[PDB]
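Beneath this line is the structure, given in structure tokens, with notes to follow.
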There are 2 protein chains.
Amino acid sequence: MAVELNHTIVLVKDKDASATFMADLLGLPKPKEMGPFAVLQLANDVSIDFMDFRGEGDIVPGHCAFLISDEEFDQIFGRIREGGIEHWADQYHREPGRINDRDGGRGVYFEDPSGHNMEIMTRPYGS
Amino acid sequence: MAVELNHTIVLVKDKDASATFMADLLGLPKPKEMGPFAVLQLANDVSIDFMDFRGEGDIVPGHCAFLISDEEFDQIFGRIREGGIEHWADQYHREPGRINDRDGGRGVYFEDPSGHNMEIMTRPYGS
Ligand SMILES: [Fe+2]
Ligand SMILES: [Fe+2]
């Protein structure tokens with residue numbers, strides 16, 4: 001038996017800005033447009049479907065975390081540095097300009113254009 | 001890049017109520033308590049990390065969709081029926097008590113205790 005998470009919606013101020021930011025940074029294909037969504041496809045058969053928030057007022061920041069290889073971490077963190085992207089070792093953003101070494105891996109937090117708390121890491125939690 | 005979505009937070013009024021509801025209904029392992037989260041583990045190397053969100057007034061409904069086998073659909077839909085769980089064929093909840101046939105599969109929508117728009121399906125979109 002195998003119940004998979006296939007997609008989840010992330011509400012943002014500008015779906016194209018957030019989805020393209022994430023695809024460019026993570027080195028993924030250009031988001032595909034599907035109805036009101038900018039669809040960001042991840043490798044494990046799941047997508048983040050970015051959608052413009054049509055309520056009021058501020059976005060409540062969510063959290064998405066991405067598991068990547070060591071080689072991918074080097075390239076993606078390289079884009080964080082080269083692009084001047086704010087980043088932090090910790091989820092509460094008190095440790096700017098550092099990465100963490102949780103689980104003997106590497107991890108770092110950054111935000112999408114709407115302020116969601118994004119995270120990349122090379123080892124799963126507790127591994 | 002082979003970037004995986006590893007976890008995402010879902011904000012709810014009661015993390016234990018929502019995670020237990022989803023795990024019971026979908027036939028998943030009992031949610032694990034990790035820090036402030038009730039962690040719902042899916043098969044494709046991703047978890048939904050339910051977290052208490054008790055400010056604001058109402059939860060702004062999100063959307064998570066789960067890809068399952070035909071046999072799992074039969075079992076999960078049987079639990080939807082047995083539990084008296086409200087369900088709809090469509091994302092806008094205009095078609096109560098129907099299953100949809102999108103992509104030649106089967107799909108249905110229902111809500112968690114906090115009003116998030118949950119979806120189960122037997123085929124990926126466009127397949
Ligand atoms: Fe995280
Ligand atoms: Fe959906």
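All Cβ positions, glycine included, derive from the backbone under ideal geometry; neighbour counts span all protein chains shown. Since every read-out is calculated from the coordinates, none of them should be taken as a lab result.
Just one of (1) of a type outside the set (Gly, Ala, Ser); (2) without any contact (Cβ under 8 Å) to a residue 40 or more places away in the chain; (3) closer than 15 Å to B:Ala65 by Cα fails for A:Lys15. It is (3).
Summed over segment B:77-127, residues that are on the phi > 0 side of the Ramachandran plot and of a type in the set (A, V, I, L, M, F, W, C) total 0.
Here A:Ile9 fulfils each of the conditions (1) of a type in the set (A, V, I, L, M); (2) more than 30 Å from B:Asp74 (Cβ to Cβ); (3) within 16 Å of ligand 2 (Cβ to nearest atom) apart from (2). Residues that are touching a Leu at 6+ places or on another chain (Cβ under 6 Å) and part of a strand (DSSP E or B): does segment B:56-64 have at least one? Within segment B:56-64, none of the residues are touching a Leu at 6+ places or on another chain (Cβ under 6 Å) and part of a strand (DSSP E or B).
Looking across B:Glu86, B:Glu82, one residue alone is within 15 Å of B:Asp112 (Cα to Cα) and more than 9 Å from chain A (Cβ to nearest Cβ). It is B:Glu86.
Within segment A:103-127, the set of residues being of a type outside the set (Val, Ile, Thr) and either out of contact with any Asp or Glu (no Cβ under 9 Å at 6 or more places or on another chain) or closer than 14 Å to A:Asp70 by Cα (or both) comprises A:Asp103, A:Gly104, A:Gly105, A:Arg106, A:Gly107, A:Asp112, A:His116, A:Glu119, A:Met121, A:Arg123, A:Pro124. Is it the case, given these coordinates, that B:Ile85 is in contact with a helix residue (DSSP H, G or I) (Cβ under 8 Å, 6 or more places away or on another chain), surrounded by 14 or more Cβ atoms within 10 Å (Cβ to Cβ), aliphatic (A, V, I, L, M) and not in a loop (DSSP other than H, G, I, E, B)? So B:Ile85 does not fit the description; no.
This table checks each residue for (1) away from ligand 1 (no atom under 16 Å from the Cβ); (2) more than 19 Å from B:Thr20 (Cβ to Cβ).
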site: B:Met51; (1), (2): no, no
site: B:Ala65; (1), (2): yes, yes
site: B:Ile76; (1), (2): yes, no
site: B:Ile80; (1), (2): yes, no
site: B:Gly83; (1), (2): yes, no
site: B:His87; (1), (2): yes, no
site: B:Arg94; (1), (2): yes, yes
site: B:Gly97; (1), (2): yes, yes
site: B:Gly105; (1), (2): yes, yes
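Please work out if A:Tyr109 is more than 10 Å from chain B (Cβ to nearest Cβ), in a strand (DSSP E or B) and under 20 Å from B:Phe50 (Cα atoms). Against the criterion (more than 10 Å from chain B (Cβ to nearest Cβ), in a strand (DSSP E or B) and under 20 Å from B:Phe50 (Cα atoms)), A:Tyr109 qualifies.
The number of residues in segment A:38-63 that are within 16 Å of the chain's Cα centre (by Cα) and without any contact (Cβ under 8 Å) to a residue 40 or more places away in the chain comes to 8.
Taking the criterion of being within 18 Å of A:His7 (Cβ to Cβ), surrounded by 15 or more Cβ atoms within 10 Å (Cβ to Cβ) and polar (S, T, N, Q), the residues of segment B:14-69 that qualify are B:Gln41, B:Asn44, B:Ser47.
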